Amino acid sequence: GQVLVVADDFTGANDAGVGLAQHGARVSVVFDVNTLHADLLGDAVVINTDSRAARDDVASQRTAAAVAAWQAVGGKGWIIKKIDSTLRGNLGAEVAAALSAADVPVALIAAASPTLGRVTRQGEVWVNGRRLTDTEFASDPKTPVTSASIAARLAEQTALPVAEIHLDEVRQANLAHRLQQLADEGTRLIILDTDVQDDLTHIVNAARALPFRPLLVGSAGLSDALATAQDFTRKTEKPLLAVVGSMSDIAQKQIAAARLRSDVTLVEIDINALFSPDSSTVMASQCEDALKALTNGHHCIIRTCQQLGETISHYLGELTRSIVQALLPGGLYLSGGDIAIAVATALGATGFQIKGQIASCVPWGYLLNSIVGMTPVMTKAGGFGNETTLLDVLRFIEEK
């Protein structure tokens, strides 16, 4: 389930890394292949061969050495040779080297990044409406681009047999069978069209259906599709604890948006149960549920489903206090205002030091003199925000 990215430059390495991290990977750029070891392998390793303007033989040697070093410490999973979307550099030498080191029958070259305006049509790269050779990316200063044809570029440095699969054929349900056919026939480099990001999803699904893991070759688009397909477990060390008593439509939508995530757990508070005699045992249960979510790296959303409001706010205050004593969390989000005040009071707070605001409607700071110490606390009034407000709060806590 491990990924190796071998990129030919600084920005390519970073861009691949970012994409992996965004999809839940533990990912690092390792500066010298000589500091690679088994513990660094989970989930992704990125090597920058800094070889775009190097001699072809040097580029080849570095690329192969990166793959070999990863293999030598037990790397197993997927290898992506990150190339320039605009086809600058030692493409053929580096792809051939990576394929040799990978020791599998084929490389899938799916170079497009449609969300960045790079597509592959009939084997040629187009950038924002022009063939690549009618763009700037092709006028030196260091590394000319003499063809928009991926095959033609490759052939400057490698004579490995190639085949192109154009868009209509790419989109067929039998793509994996076609990849297998070409492999069996001795084709080594398979060059695939792409117009939209879904095409890259489809190509990676086909790659995953083969009895070996092909070498992958592409730019940000393919890297993102690979990262997505790995389905990395989303977790955070210090997750948000959210406590929401708001029954507004927008609160439901905000929670629903977070609920879509695999790293979010809801603890639902049946208002009816508050009047039952076993209320305390149920609260103990809800406390346990929240602890289990938070300690296993899920954000935890506690939400309900005159004096009624006060009964509910008091209960949520006591549940929150119970969870804090039982413990984390990375942050505390309280909504609406009645909940914010009831919870603050239950935690012994004397005030709220305001540092700023998230998403134009979520004040944040620290409670003063409370049992949550310097845990960031966020509040939101009932009715405020948009469908992504709570997602914005999750991101805030993830980043700090």
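Residue numbers run from 1 along the displayed sequence.
Per the record, residue 305 and residue 306 are separated by a gap of 10 or more residues from the deposited sequence that were not modelled. Per the record, residue 116 and residue 117 follow each other directly, and no deposited residue is missing between them.
Per the PDB record, of the two stretches 27 to 35 and 347 to 355, 27 to 35 carries the greater mean B-factor over its C-alpha atoms.
Comparing 389 to 397 with 3 to 11, the higher mean C-alpha B-factor in the PDB entry belongs to 389 to 397. By the numbers in the PDB entry, the CA B factor is greatest at 270 among 193, 156, 103, 270. Within the group 121, 131, 82, 261, the record's highest C-alpha temperature factor is found at 261. Annotation for residue 184: C-alpha temperature factor in the highest third relative to the rest of the modelled chain, per the entry.
Per-chain ranking of the deposited C-alpha B factor places residue 88 in the lowest third. Among the modelled residues of the chain, residue 78 sits in the lowest third by CA temperature factor in this PDB entry. Per the PDB record, residue ranking by Cα B-factor puts residue 245 in the highest third of the chain. In the deposited entry, the Cα temperature factor of residue 360 sits in the top third of values across the chain's modelled residues.
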